[PDB]
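Trainee: Please find the sequence and an experimentally derived structure below.
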Amino acid sequence: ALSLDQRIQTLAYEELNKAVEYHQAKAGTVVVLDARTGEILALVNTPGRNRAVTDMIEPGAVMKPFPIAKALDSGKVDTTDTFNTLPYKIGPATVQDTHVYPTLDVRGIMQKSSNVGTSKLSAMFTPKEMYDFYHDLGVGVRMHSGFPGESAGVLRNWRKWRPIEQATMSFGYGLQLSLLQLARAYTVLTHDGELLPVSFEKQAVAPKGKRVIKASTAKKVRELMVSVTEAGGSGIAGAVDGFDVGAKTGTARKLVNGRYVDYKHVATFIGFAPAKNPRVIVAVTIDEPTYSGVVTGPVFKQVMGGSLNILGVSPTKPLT
């Protein structure tokens, strides 16, 4: 009475193992969720504990869709609004992007993964507003999936935030989530603005979402996220032939490993497809490979591609 699909589980397992071996990494995880139910279709880790659920990371750039969605959902910004995306200071700290652009619109902020752009969208909101939003996505909240050792992640009390911390949180540092929590947060994008419960049991009743953003906002964000896997986007390595894919990639950071402190870079890729009418969310992490997109994108691409095949979803465009 598990919701896991053996064919997808097997696919995930082989793709993860190939990537971990190839990049000589320390560990890895793949999660596949049903994008409209929250059921787990696959969950695999390298050998040891269930890191997908037990281990939390500072997610980095894969968090950026969320402050973007919040800004659009508020009515305060439009996708065509343009921002100064030059590096800037918060007291003595600098917020800066990997690749510097003088200005980007909201689409460009998504496409190029701008930390400056995201932090400026977040800065339109009070600490309490952003905290309440992250809390409502499930950050720092127990999913009660029925897995033991389930991490709640970390979301610090907004009464303690400095401006720099609000800023870094918008681009995924200074708060912490497990990969399963991250996949679950993505249901806000796939399930028309409502956060779904996560479950490994075959569902008998339709799950009830908790509305976080408008359906129209969720639809717009999934459209923006397509640019990420197209030419000019930071996630081109996880494009899937035949489909439009909304995705993010980034370098997450792991600061806790089981019961111990740690400090490791974690390549991450998460996304959903088909982008207009998503069926599944695939999330991948690979711990300490020895360029996030190039490491995890191929895993994401084969797991997502194979998952859509296995579920019988027709390509929305001719294969190249």
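Mentor: Good, I have the coordinates. Numbering: from 1, shown residues only.
Trainee: Give me the contacts around stretch 169-177.
Mentor: Defining contact as Cβ atoms under 8 Å, 6 or more residues apart in numbering, one finds that stretch 169-177 is touched by 56-64, 67, 115, 118-119, 121-122, 130, 134, 138-140, 153-156, 161, 165, 168, 185, 250, 252-253, 255-256. Using the backbone N, CA and C atoms, a C-beta is placed for each residue, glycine as well.
Trainee: typo on my end, it should be stretch 104-112
Mentor: By Cβ under 8 Å, 6+ apart, stretch 104-112 touches 64-65, 68, 71-72, 77-83, 85, 97, 99, 101, 114, 117-118, 121, 224-225, 227-228, 232-234.
Trainee: Please give the centre-to-centre distance between that stretch and its chain.
Mentor: Averaging C-alpha positions (Cα atoms, centre = their mean, to the nearest Å) puts stretch 104-112 17 Å from its chain's average.
Trainee: for stretch 70-83, same thing?
Mentor: The answer for stretch 70-83 is 20 Å, by Cα atoms, centre = their mean.
Trainee: Start and end of that stretch, how far apart?
Mentor: From its first residue to its last, stretch 70-83 covers 16 Å (Cα to Cα, to the nearest Å).
Trainee: The stretch 101-250 of the chain: helices as residue ranges?
Mentor: For the stretch 101-250 of the chain, the helices defined by DSSP state H, counting those that start in this stretch occupy 106-111, 115-122, 127-136, 163-170, 179-185, 187-190, 215-226.
Trainee: mind putting these in TSV, distance to residue 273 included?
Mentor: Shown next, in TSV, are those (distance: least, Cβ to Cβ, whole Å):
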stretch	distance to residue 273
helix 106-111	16
helix 115-122	23
helix 127-136	25
helix 163-170	25
helix 179-185	14
helix 187-190	10
helix 215-226	10
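Trainee: Tell me which of those lies nearest to residue 300.
Mentor: helix 179-185 (12.0 Å; Cβ to Cβ).
Trainee: Contacts made by that closest one with the rest, please.
Mentor: Everything outside helix 179-185 that qualifies as a contact, by Cβ under 8 Å, 6+ apart, is 29, 31, 33, 38, 40, 43, 51-53, 55-57, 59, 62, 66, 137-139, 143, 145, 147, 151, 153, 177, 195-196, 198, 268, 270, 281, 283, 285.
Trainee: This protein: strands as residue ranges?
Mentor: Along the chain, counting by DSSP state E, strands occupy 27-34, 40-45, 56-57, 82-84, 88-90, 93-95, 103-105, 177-178, 194-195, 210-211, 246-257, 260-273, 280-287.
Trainee: what about the closest residue in space to residue 56 that isn't next to it in sequence, distance to residue 51?
Mentor: Spatial nearest neighbour of residue 56, chain neighbours left out: residue 176 (4.1 Å); criterion: Cβ to Cβ, 6 or more residues apart in numbering. Distance of residue 176 to residue 51, given as Cβ to Cβ, to the nearest Å: 14 Å.
Trainee: Between the two, which contacts overlap?
Mentor: In contact with both residue 176 and residue 51: no residue, using Cβ under 8 Å, 6+ apart.
Trainee: residues near residue 162, how many?
Mentor: 13 (other Cβ atoms under 10 Å).
Trainee: Then residue 166?
Mentor: So residue 166, with other Cβ under 10 Å, has 21 neighbours.
Trainee: who's in contact with it?
Mentor: Contacts of residue 166 (Cβ under 8 Å, 6+ apart): 119, 122, 123, 127, 130.
Trainee: Distance check, it against residue 124.
Mentor: 11 Å.
Trainee: circling back to that earlier point, and residue 276, which of the helices of the stretch 101-250 of the chain is closest to it?
Mentor: Here helix 215-226 is closest among the helices of the stretch 101-250 of the chain (Cβ to Cβ), at 7.1 Å.
Trainee: Remind me what that closest one packs against, helices and strands.
Mentor: Other helices and strands packing on helix 215-226, by 3 or more Cβ pairs under 8 Å, 6 or more residues apart in numbering; DSSP states H and E, are helix 65-74, helix 106-111, helix 187-190, strand 246-257.
Trainee: quick check: angle from it to helix 65-74?
Mentor: Computed by axes from the mean of the first three to the mean of the last three Cα atoms, to 10 degrees, the angle separating helix 215-226 from helix 65-74 equals 140 degrees.
Trainee: and the closest residue in space to residue 248 that isn't next to it in sequence, what does it touch?
Mentor: Excluding the flanking residues, the one nearest residue 248 by Cβ to Cβ, 6+ apart is residue 62, at 4.4 Å. By Cβ under 8 Å, 6+ apart, the contact set of residue 62 is 172, 182, 248, 249, 250, 252, 268, 269, 270.
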